[PDB]
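To start, I am sharing the structure in question, which I have written as structure tokens.
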Amino acid sequence: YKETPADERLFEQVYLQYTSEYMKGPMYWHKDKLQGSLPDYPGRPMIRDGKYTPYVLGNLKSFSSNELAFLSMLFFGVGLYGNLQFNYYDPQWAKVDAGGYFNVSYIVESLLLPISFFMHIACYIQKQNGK
Amino acid sequence: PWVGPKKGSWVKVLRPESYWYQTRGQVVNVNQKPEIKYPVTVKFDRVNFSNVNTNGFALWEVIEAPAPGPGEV
Amino acid sequence: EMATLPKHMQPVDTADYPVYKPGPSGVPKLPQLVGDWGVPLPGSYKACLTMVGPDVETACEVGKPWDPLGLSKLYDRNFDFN
Amino acid sequence: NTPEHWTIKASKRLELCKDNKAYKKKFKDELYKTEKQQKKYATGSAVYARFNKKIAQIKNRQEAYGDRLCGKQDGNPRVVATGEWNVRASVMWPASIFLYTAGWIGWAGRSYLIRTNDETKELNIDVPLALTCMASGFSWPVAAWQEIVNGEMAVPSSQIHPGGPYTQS
Amino acid sequence: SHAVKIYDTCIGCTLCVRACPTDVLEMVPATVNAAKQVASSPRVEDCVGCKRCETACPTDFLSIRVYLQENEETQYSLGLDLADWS
Amino acid sequence: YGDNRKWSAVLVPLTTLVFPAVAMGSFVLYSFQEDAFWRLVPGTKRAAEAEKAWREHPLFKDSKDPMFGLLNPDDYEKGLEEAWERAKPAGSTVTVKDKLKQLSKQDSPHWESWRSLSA
Amino acid sequence: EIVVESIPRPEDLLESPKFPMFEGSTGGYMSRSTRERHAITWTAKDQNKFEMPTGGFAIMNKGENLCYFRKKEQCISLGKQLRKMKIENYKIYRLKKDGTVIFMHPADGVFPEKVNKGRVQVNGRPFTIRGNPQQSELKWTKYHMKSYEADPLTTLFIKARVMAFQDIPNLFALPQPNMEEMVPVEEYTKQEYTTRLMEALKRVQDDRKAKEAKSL
Amino acid sequence: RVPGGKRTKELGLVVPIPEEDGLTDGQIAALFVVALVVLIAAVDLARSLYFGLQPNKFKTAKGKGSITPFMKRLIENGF
Ligand code: CLA
Ligand code: CLA
Ligand SMILES: CC1=C(C#C/C(C)=C/C=C/C(C)=C/C=C/C=C(C)/C=C/C=C(C)/C=C/[C@@]23O[C@]2(C)C[C@@H](O)CC3(C)C)C(C)(C)C[C@H](O)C1
Ligand SMILES: CC1=C(C#C/C(C)=C/C=C/C(C)=C/C=C/C=C(C)/C=C/C=C(C)/C=C/[C@@]23O[C@]2(C)C[C@@H](O)CC3(C)C)C(C)(C)C[C@H](O)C1
Ligand SMILES: CC1=C(C#C/C(C)=C/C=C/C(C)=C/C=C/C=C(C)/C=C/C=C(C)/C=C/[C@@]23O[C@]2(C)C[C@@H](O)CC3(C)C)C(C)(C)C[C@H](O)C1
Ligand SMILES: CC1=C(/C=C/C(C)=C/C=C/C(C)=C\C=C\C=C(C)\C=C\C=C(C)\C=C\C2=C(C)CCCC2(C)C)C(C)(C)CCC1
Ligand code: SF4
Ligand code: SF4
């Protein structure tokens, strides 16, 4: 019997497949397999089956899709109202120049618009996950 | 039997380091000896940087492809 | 007669693994939020032929859509473009 | 502050050349230099006639350029590149004609290459076919759009060399 | 010294061996190719790094590779004549 | 103003003529030491001793092994033998242990031959 | 079977009948500053004019001829020229400072271009040139910056590792060590400790599964 | 000064010079003492950099080594 190049390639393929499965397994320890490296943090798998998990939302993973949707819509409305009022329909620059203080409501309100945006992406993620 | 592609047929080279990678050549000949690692012989109309026209490839480095059309490499 | 090439000897063509599709490893790509962008397939022009809309106004009939610039075929072309 | 100001004509940094003091002064100085150079030679000289022709050319150039816009400070005619077609010294007309001609050249050439497909024909030109392709390249816009649409223009990247290998094989 | 390596793509045409200026290479019996021989590099200590073997290699990409190592330069790899490190 | 030039009269020479000359002479003397530039010149006793110290340390004693990381080499080997048994061509005399030994071994006697100088 | 010639040191052999008739030049070896030499000895049927690698020309004696040079390169170039003249009996030796003679060029008596039995491939790699492992993959290991010297087994293992580490979704994240449970080395069986480690790993995996299944 | 700048000559820009030097000998001496401390520390640092880490220390050095509790907490947290 002679070990031909085809036989060597077959051995290489079987070795590659089996040992790759082994390395994936817990029996092989490498610096790239630490937390913060390639593998997901234990108990918090971000992507599963090519779909975002609730853990991508961090602390909002326990919020239902319905309440996430309501919060996103409410934050969008309030933040848009605050931004428009601050910028165009109730400008504060003239008052501040005169010496008055801003309308504290508008500044805190305006932050809700990006919060509303991210709350919608969280609502979609939660809904897409069956929650 | 013929292990590799038929003589004269066009094969697309799948060797990443080859000057003709992903382009097609003609199978000049195939070595039927099982002990040859790179039996297939493929010639290309485009000479590489070393002005070499033909090369030897293994059975897994060449796949069967249609003859190049007009303006295709 | 052809000697059946073993699996380990079988070449792995590059065309079989496009950029828009997971590679040989089989790992799904990053999830998309706007839509679940599945593996696209070229069927734009066939769907255009099947679709309703063309009726004698441009001297055309169902299965013969009016598309002089062929903007419906650009979806099929993007498979060859990028 | 108005849509009317979008046009380059209504700009504060430009003025019509016929009304530009700097433009008038520059041309007046060019004419003076040409006349002073002319005065050196004899009246009935061929060089004298040539200088008369050059002076006429300068005057016609001034008359033609009077309509174009030019900056207040330097008074040199400007080229409009906003995209306004109906404006003097517009870049669109030269741009469009050059783009057509350049596409003609490229199409012709690509067509010869596709038809020949041979280094021997590349070296020793098949002049009949070359002239045929040059003549045929006039419909290049329609032909190129049709080929792009139908997939006869670009080939999949898997059919051409991608480059050097960046990973282990 | 430099590193002269040979890969199985070798076809045993001997051009590298014939182009060697300081006789670093030699053909050895093998079964990998039809010529039944593959170039070897036993005397890599004498390799100067001229890459004439690489120039003469026919294969699509070289079946013989010379990796230069400037940190490990020796007198043989430097072709020293007027000075002697031995 | 300028009465501090007495400091300059001592410092400018001492800093730009004396110190550079001493540094150059010391550098020439240092160049001829056994370990001139041990962290960039191969084959130095100091470098070899440092490597041996790292090997002596328990954590790093086998950190230079490319195959390090297998918690259970015996189980890995057993699985590899099972895989090769299933995928074995008919009448194949190639064993997993023998193949692994052959692949691990190679013929490269000119790799880092300067190690002899250090030891 | 091969016999190494005496080849006396050039400083000792001031005048010999073997030396060919050559003009001489300043391109010869510097005798004051170097001691290592290379001697080339051949046999010629007739006196053929040939060019010395060191400067001018020379005439080789009918019979045995011997030349001295500084470098194996010079000796090998002269040997190539002699081969062109069809002189195949030439041999090259390296002469140390102390007179030791090392037979060099026809190492086994057969020219390298001709295949010979008993020759084994050295510095040979069993894969295409691009089969070498990635340099970044073997870092802080034996082959820290020489991926072209890794053994085939190491190349295969590293390749399999890079294939394995693409599947991010199912990769075992190494448990974080409990630094509290540290004891002096002085303070059982290897198999028993491996088994205990395996029980600990299974417990960690079960805990991870429960934690992830809590909210999913 | 003999100015060579067009703007300097035009505008009469000047380089005023004090009557007395800003710092005294004692102040310069104090600064030089601080610089000497810096130099000694820098020579020590250069020696440490040249010799790098010494993993042999666990064989002979006094003590049994120590890791700060915060460092242990960082290790447990991971990267
Ligand atoms: C068949 C002719 C032809 C065609 C169709 C193209 C097409 C292209 N070239 Mg160009 N190219 C050509 C000849 C041609 N090239 C030649 C001869 C050279 C050598 C100087 C180059 C050097 C070149 C470079 C360095 C680059 C391009 C690029 C490009 C692309 C953008 C256009 C551009 O940059 O133009 C600019 C064109 C030039 C600088 C040189 C043009 C030379 C002449 C004018 C054209 C030759 C015509 C030919 C003789 C026709 C004969 C036909 C007749 C016998 C019937 C595009 C794919 C660019 C690219 O990659 O974009 C993605 C780019 O970077 N080309
Ligand atoms: C990095 C900052 C720096 C620089 C670039 C200079 C530059 C200069 N100083 Mg010095 N000087 C410095 C800091 C610096 N000084 C400090 C902090 C002090 C206070 C102690 C002095 C006190 C001082 C005096 C009293 C005098 C100078 C003078 C000079 C001149 C000649 C050099 C000399 O005599 O040094 C002497 C000074 C020292 C030896 C003190 C240490 C200087 C610095 C900290 C060294 C930094 C080294 C650098 C980081 C790395 C060097 C690497 C090397 C191996 C190549 C020159 C303009 C002379 C002058 O004015 O001539 C007209 C002069 O009489 N300096
Ligand atoms: C439950 C369900 C469904 C549903 C639903 C339904 C009915 C959804 C309804 C959603 C609804 C009703 C959403 C309103 C948002 C209002 C906003 C954000 C207002 C902002 C308003 C703003 C920012 C206004 C600002 C100001 O103008 C103010 C006020 C006064 C002015 O002086 C000043 C300015 C300009 C600053 C489907 C679709 C049927 C099927 C699905 O499967 C399940
Ligand atoms: C805000 C507001 C108002 C409003 C409003 C709104 C929202 C209005 C919306 C209007 C809208 C949505 C108008 C679309 C037009 C689309 C056209 C013309 C497309 C033509 C496209 C054509 C002709 C394409 C042709 C081709 O592609 C074909 C088919 C096949 C190709 O092969 C070939 C070509 C490329 C040639 C009022 C009502 C004004 C009152 C008041 O002011 C307040
Ligand atoms: C040794 C011994 C013993 C002892 C002892 C005794 C009694 C020892 C006494 C020692 C004594 C009395 C030591 C004074 C030092 C003063 C110094 C260093 C002052 C420096 C001051 C400096 C460097 C200041 C410098 C400047 O800032 C100045 C001022 C002006 C500024 O412009 C800047 C400069 C830099 C110029 C025991 C205890 C009896 C028994 C034991 O068993 C053994
Ligand atoms: C209007 C206007 C303007 C603007 C403009 C713009 C912004 C444009 C854009 C443009 C663009 C953004 C474009 C794109 C493109 C893309 C692509 C993708 C392409 C491609 C191409 C091709 C493919 C071609 C081909 C051909 C032909 C056709 C011919 C010749 C030959 C050849 C082959 C080359 C300005 C201000 C300036 C000026 C004024 C006016
Ligand atoms: S190294 Fe190149 S030239 Fe030498 S035997 Fe191999 S393929 Fe032929
Ligand atoms: S680099 Fe030159 S000396 Fe070295 S092995 Fe190749 S041909 Fe011989």
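Any value given below was found using the heavy atoms of this structure, including those in side chains, with hydrogens, waters and symmetry copies removed. First the proteins, then the strands, lettered A, B, ... as listed; each starts at 1. Both counts, for ligands and for their atoms, begin at 1 and track the order of listing.
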(request) Using a distance threshold of 4.0 Å (strictly less than), state whether atom 13 (C) of ligand 2 has a protein heavy-atom neighbour. (result) no

(message) Please report whether atom 1 (C) of ligand 2 has a protein non-hydrogen atom at a separation of less than 4.0 Å.
(response) no

(request) Decide yes or no for A/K31 and A/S37: does some side-chain heavy atom of the first lie under 4.5 Å from some side-chain heavy atom of the second? (result) no

(request) Establish, yes or no, whether a centroid distance under 6.0 Å links the rings of F/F27 and F/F32. (result) no

(request) Look at the side chain of A/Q35 and the backbone N and O of G/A173, then say whether any donor-acceptor pair between them is shorter than 3.5 Å. (result) no

(request) Indicate yes or no: does G/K209 engage G/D206 in a salt bridge with an N to O separation below 4.0 Å. (result) no

(message) Strictly inside 4.0 angstrom of atom 17 (C) of ligand 2, do you find any protein heavy atom?
(response) no

(message) Could you tell me, atom by atom, which parts of ligand 3 come under 4.0 Å of a heavy atom of A/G77?
(response) 18 (C), 23 (C)

(message) Tell me the protein heavy atom at minimum distance from atom 54 (C) of ligand 2, and give that distance in Å.
(response) F/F19 CZ, 4.1 Å

(message) As a quick check of understanding, evaluate side-chain contact (heavy atoms from CB on, under 4.5 Å) for A/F117 and A/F75, giving each step before the final call.
(response) CA-CA 9 Å; A/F117 167 76; A/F75 286 178; over 6 Å; no

(request) Measure the distance from atom 39 (C) of ligand 2 to every protein heavy atom, then report the residue, atom name and distance (to 0.1 Å) of the closest one. (result) F/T15 OG1, 4.0 Å

(message) Taking the basic N atoms (NZ, or NE/NH1/NH2) and the acidic carboxylate oxygens, is any pair closer than 4.0 Å for F/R115 and F/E112?
(response) yes

(request) Just need the protein heavy atom nearest to atom 41 (C) of ligand 2, so name the residue and atom and give the distance. (result) H/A35 CB, 4.7 Å

Every pair of nitrogen or oxygen atoms between ligand 5 and the protein that is under 3.5 angstrom apart - can you list them with their distances to 0.1 Å?
| from | atom 1 | to | atom 2 | distance (Å) |
| --- | --- | --- | --- | --- |
| ligand 5 | 32 (O) | H/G26 | O | 3.0 |

(message) Return the closest protein heavy atom for atom 30 (C) of ligand 2 as residue, atom name and distance.
(response) F/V12 CG2, 4.9 Å

(message) Ring-plane angle category for E/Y67 and G/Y148, please: parallel below 30°, perpendicular beyond 60°, tilted otherwise.
(response) parallel

(message) Can you confirm whether or not the ring centre of C/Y20 sits under 6.0 Å from the ring centre of C/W37?
(response) no

(request) Please find out if less than 6.0 Å separates the ring center of A/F86 from that of A/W93. (result) yes

(message) I need the nearest protein heavy-atom contact for atom 23 (C) of ligand 2: residue, atom name and distance, please.
(response) H/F32 CZ, 4.3 Å

(request) Validate the cation-pi geometry between C/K73 and C/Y45: distance from NZ or CZ to the six-membered ring centre under 6.0 Å, angle to the ring axis within 45°. (result) yes

(request) Could you tell me the separation between the CH2 atom of F/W111 and the OG atom of E/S1, rounded to the nearest 0.5 Å? (result) 13.0 Å

(message) Give me the nearest non-hydrogen protein atom to atom 19 (C) of ligand 2 as residue plus atom name, then the distance to 0.1 Å.
(response) H/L31 CB, 4.0 Å

(message) I'd like to check atom 64 (O) of ligand 2 in this structure: does the protein have a heavy atom lying under 4.0 Å from it?
(response) yes

(request) Please say whether F/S8 places an N or O atom under 3.5 Å from an N or O atom belonging to ligand 2. (result) yes

(message) Within the protein, is there a heavy atom lying under 4.0 Å from atom 46 (C) of ligand 2?
(response) no

(request) Drop me the distance from H/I75's CD1 to H/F70's CZ, to the nearest 0.5 angstrom. (result) 11.0 Å

(request) Any atoms of ligand 3 less than 4.0 Å from a non-hydrogen atom of A/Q85? List them with their elements. (result) 33 (C), 36 (C)

(request) Would you confirm whether C/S44, through its side chain, and C/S72, through its main-chain N or O, come within 3.5 Å as a donor-acceptor pair? (result) yes

(message) Would you call the rings of A/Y106 and A/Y81 parallel, tilted or perpendicular, taking 30° and 60° as the class edges?
(response) perpendicular

(message) Between F/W54 and H/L53, is the side-chain contact (heavy atoms from CB on, under 4.5 Å) condition met? List the steps.
(response) CA-CA 10 Å; F/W54 280 116; H/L53 256 169; 4.1 Å; yes

(request) Can you sort out which atoms of ligand 3 are near A/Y89, meaning under 4.0 Å from one of its heavy atoms? (result) 35 (C), 36 (C)

(request) Please check if a non-hydrogen protein atom sits closer than 4.0 Å to atom 10 (Mg) of ligand 2. (result) no

(message) Can you report which non-hydrogen protein atom sits closest to atom 34 (O) of ligand 2, along with the distance?
(response) F/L11 CB, 3.5 Å

(request) Could you tell me whether atom 25 (C) of ligand 2 has a protein heavy atom closer than 4.0 Å? (result) yes

